[PDB]
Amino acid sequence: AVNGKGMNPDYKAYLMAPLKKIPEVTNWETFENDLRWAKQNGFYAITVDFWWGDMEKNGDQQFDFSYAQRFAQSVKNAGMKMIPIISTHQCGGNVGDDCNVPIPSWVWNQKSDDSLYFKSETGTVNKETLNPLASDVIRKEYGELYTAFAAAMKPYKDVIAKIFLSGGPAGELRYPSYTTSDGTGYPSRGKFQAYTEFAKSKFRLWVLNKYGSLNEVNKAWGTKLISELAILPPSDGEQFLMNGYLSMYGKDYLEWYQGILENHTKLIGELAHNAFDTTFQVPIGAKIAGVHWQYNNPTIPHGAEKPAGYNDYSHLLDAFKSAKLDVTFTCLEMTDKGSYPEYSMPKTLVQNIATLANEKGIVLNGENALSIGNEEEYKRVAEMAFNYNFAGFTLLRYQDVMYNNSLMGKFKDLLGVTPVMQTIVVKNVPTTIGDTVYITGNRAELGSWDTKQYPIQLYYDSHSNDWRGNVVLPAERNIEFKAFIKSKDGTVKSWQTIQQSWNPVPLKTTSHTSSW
């Protein structure tokens, strides 16, 4: 893996459940059997959306966790684990959606202003999820929902391996900047979503709080605003993305804009921990979307990310570490293109996000963006997952592998692996002062024969004069590898004489000894 390390020893594979309720897809007995089968193929738990629109439909405080409970009951019967997603967002309207579950219709009546929803540069209204600006309503509603959920699901704490939160549209921490009705669907640039009267005044107050007065504002932005009402979000999103973002005003606007999402992260993170920490004691996480298009568009750089709310990922991730939430990213199955008109750079994006996450010590979990239909995409996922320290991978979605035995068999082999620590020992290595020994192998878990970025470092044992190291490997899988020497300057000097192998790696920790 990266930095001479191996795959993450805590890696686990997860299966994303269907969007529709199980009873609308099959019966509970078949479902329980599907889970036993999934478990046989390396899946540790099934992640599932529990829609707010279902749990509090009737009215405020009128809960119904009957479905969630029945679902957990079957997971328990199958001897599996589940990862509930407290989806406070709407189901339907997004890519891949095949459901229709809006958030409780009554929530919109708790306000007379327009503080609850989103309005784009061109007036398009969006009600897929509560606007994070309304922290007062979110604190109340999410606070109540989470605590009610904890009580109702207390009896099943033993099958709950983790809890996910929905930070926005599609259960992702972001603004709804890419939608069909707003004319911002892939691969178009996104449209900023801060045009409600509430958003405008909030930005105005934030600017005034930062600088004190209009004069200080005009002084900082080098502008000539006539009055406080002139403090506004971009009038022209396109022009802003072309070069307005480079000005002092742009920096402040984007800081505030992304700031709303960071503050929201800290809020839900706190409500969640307060409601689940003592009861379940399981990790909590949220999702960041993979807005990979328009990444390298020369005219409007990061034209889709910025409107989504992603301007500074480093700063964004700090909010997660601060809130004590694990992070989930996507697009692990895709590769870079970066050509007109999409200017798509998913892999580059995933690599950057992963590098940042690992630096800050944030637990990283990945997902695939679109359904996978060929073994080749599983390989791409494997490369990213096992070389960028992912602690987990969640496959979307259920039916894709449940009704396709050959695809399932390929996932079991490449991704449904159980990591096991093994000691590799290489003897008689002709190393000279300054050289370092590494091992690289055929599977992604071994860097796929890469000696530049993904090789696994070994350590000299001065006592037995050989090189060794405890390496994490995929249990019960066949592997081939070779040790090689890296000069002090970083070039590959020589390779092990014979290619080694372990057919397969045993599930018990032992050691593999070979000679150079």
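Start at 1 and count along the sequence shown; that's the residue number.
Here the stretch with the larger average CA B-factor, out of 90-98 and 279-287, is 90-98. Taking only CA atoms, the mean B-factor in the PDB entry is higher for 492-500 than for the other of 492-500 and 9-17.
Of the candidates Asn297, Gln258, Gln73, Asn109, the one whose C-alpha carries the top B factor in the deposited record is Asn109. Per the deposited coordinates, the residue with the largest Cα temperature factor out of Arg174, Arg189, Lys266, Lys224 is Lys224.
The entry lists a Cα temperature factor for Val48 that places it in the lowest third of the chain's modelled residues. Split the chain's modelled residues into thirds by C-alpha temperature factor. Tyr454 is in the highest one. In the deposited entry, the Cα temperature factor of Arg204 places it in the lowest third of its chain's modelled residues. Ranked by C-alpha B-factor against the other modelled residues of its chain, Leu35 falls in the lowest third.
For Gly42, the recorded CA B-factor ranks within the lowest third of the chain. Only modelled residues enter the ranking.
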